[PDB]
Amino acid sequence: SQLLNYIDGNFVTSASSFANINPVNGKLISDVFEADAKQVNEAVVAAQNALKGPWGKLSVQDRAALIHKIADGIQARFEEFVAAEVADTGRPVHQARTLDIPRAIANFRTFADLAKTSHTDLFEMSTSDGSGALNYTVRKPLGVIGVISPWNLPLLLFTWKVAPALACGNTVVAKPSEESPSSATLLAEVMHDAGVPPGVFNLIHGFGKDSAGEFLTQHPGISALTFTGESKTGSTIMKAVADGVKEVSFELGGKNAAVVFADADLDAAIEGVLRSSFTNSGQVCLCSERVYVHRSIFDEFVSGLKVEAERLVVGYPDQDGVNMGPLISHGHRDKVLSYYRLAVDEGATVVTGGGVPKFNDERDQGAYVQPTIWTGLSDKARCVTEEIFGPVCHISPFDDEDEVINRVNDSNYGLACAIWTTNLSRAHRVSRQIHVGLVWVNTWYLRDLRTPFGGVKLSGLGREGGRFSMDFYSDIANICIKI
């Protein structure tokens, strides 16, 4: 199996390739051709030229129809996209079938519909001469959008950027994660077969530093760079585009908290924290890695979570009641295990997990770790402050509302928080005080695609979702008519 770049309407190979590895068993899935600087340039130039071709003359309604045809194309190959996402990442098949792929299709449909309904503003004004003036605003395409996406929710996060980019009449050069290149390449096929004009959507494979990603960010031809990934990489990209003053939108890390108050529905909180800590094997930027539980219910909470975490099934993506697959890769598992040892060194009690499961089959050649719960660390421990991106949480007691609010907010990140309480006042009082972009009360990762999505502090720059995406991916121009 081979994964090509898609540049200016053609699938093309490159001089260099790399391996796509299945994290379940360590086996080779495919070879991937790495785009060089020359090919990146060729993509950017093609995307510039496509803005002046047929794509550029489509009405908003016709553009929207064509984006719906993209969505239809993915739906028509639904189970192929499921298989590609599962192979790259080891995610449970049921998750790919119910979240990953349908979200990617819904991304396209939501932004196609938003492109149809969206309008702009009219401002009347008086003038000295008494005849007045009119200011009106219009949305135009920004230009070429460079898209660089991560491996944790491959098609979902890729199409989260590509859908609004296209719905706003932009052209795109997109570089998916080297760990999860498959579903993006299938998306290129769907674009091609749906009649998307050449150069509108281009797909380049590769790495970051000294590869496709870097070259993309350095290219003077782009108008914007949208990115999801690690905070440090965000900082690096922000420096890279600075000489062009390119528009930027970043969704970066977090070290998210969950807070369980004494009035919580306890079993529901246990189940919710189980999901918020261990979904996708802890490899969602939204996962809870720090948990604060009121002292009066702390012991019972920890006990209850231990029992649920030990019933989790860790294994094959299509295994009967599977809850967790492996980590994305052996190198990622190295990092996570390194943090597992660090916690023990910082004085953690390992309530459960803390190692790798023994399967006695091919899974032992994969990148699995156990779901892990810690207790006993101070708020300043490295394991409680640095993003681990694995299936782990630390649980700490608290006593007072104002105290726990300060502890959640004592972080250089600020992406998301989940709070558990049955009390009306507390939900709204406490939520508004958490320094994050996204708070859930009595749930986790419930998404309405119209809402603003983003983080604060190190977790983000800007906001996407609904009209924020329509504003980010558009040139907003103001036209003033003196009457």
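Residue numbers here begin at 1 and follow the sequence given.
**Q** Which of the two stretches, 371-379 or 118-126, shows the higher mean Cα temperature factor in the record?
**A** Per the deposited B-factors, the answer is 371-379.
**Q** 208-216 versus 81-89: which one carries the higher mean Cα B factor per the record?
**A** According to the PDB entry, the answer is 208-216.
**Q** Between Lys161, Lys175, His394, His192, which one tops the list for C-alpha B-factor in the PDB entry?
**A** In the PDB entry, the greatest C-alpha B-factor among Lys161, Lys175, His394, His192 is found at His192.
**Q** Considering only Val430, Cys417, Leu66, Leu424, which residue's Cα atom bears the greatest B-factor as recorded?
**A** In this record, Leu66 carries the highest C-alpha B-factor of the candidates.
**Q** Grab the CA temperature factor for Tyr292 from the record and place it in the lowest, middle or highest third of its chain.
**A** For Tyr292, the deposited C-alpha B-factor lands in the lowest third.
**Q** How does the C-alpha B factor of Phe398 compare with the rest of the chain: lowest, middle or highest third?
**A** Answer is lowest: the recorded C-alpha B-factor places it there.
**Q** Just say lowest, middle or highest third for the CA B-factor of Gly132 relative to the other modelled residues in its chain.
**A** Its C-alpha B-factor, which the entry lists for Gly132, ranks in the lowest third among residues of this chain.
**Q** Is the Cα B-factor recorded for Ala37 in the lowest, middle or highest third of its chain?
**A** Its C-alpha B-factor, which the entry lists for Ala37, ranks in the highest third among residues of this chain.
**Q** Compare the C-alpha B factor of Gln2 with those of the other modelled residues in its chain, then answer lowest, middle or highest third.
**A** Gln2: CA B-factor falls in the highest third of its chain.
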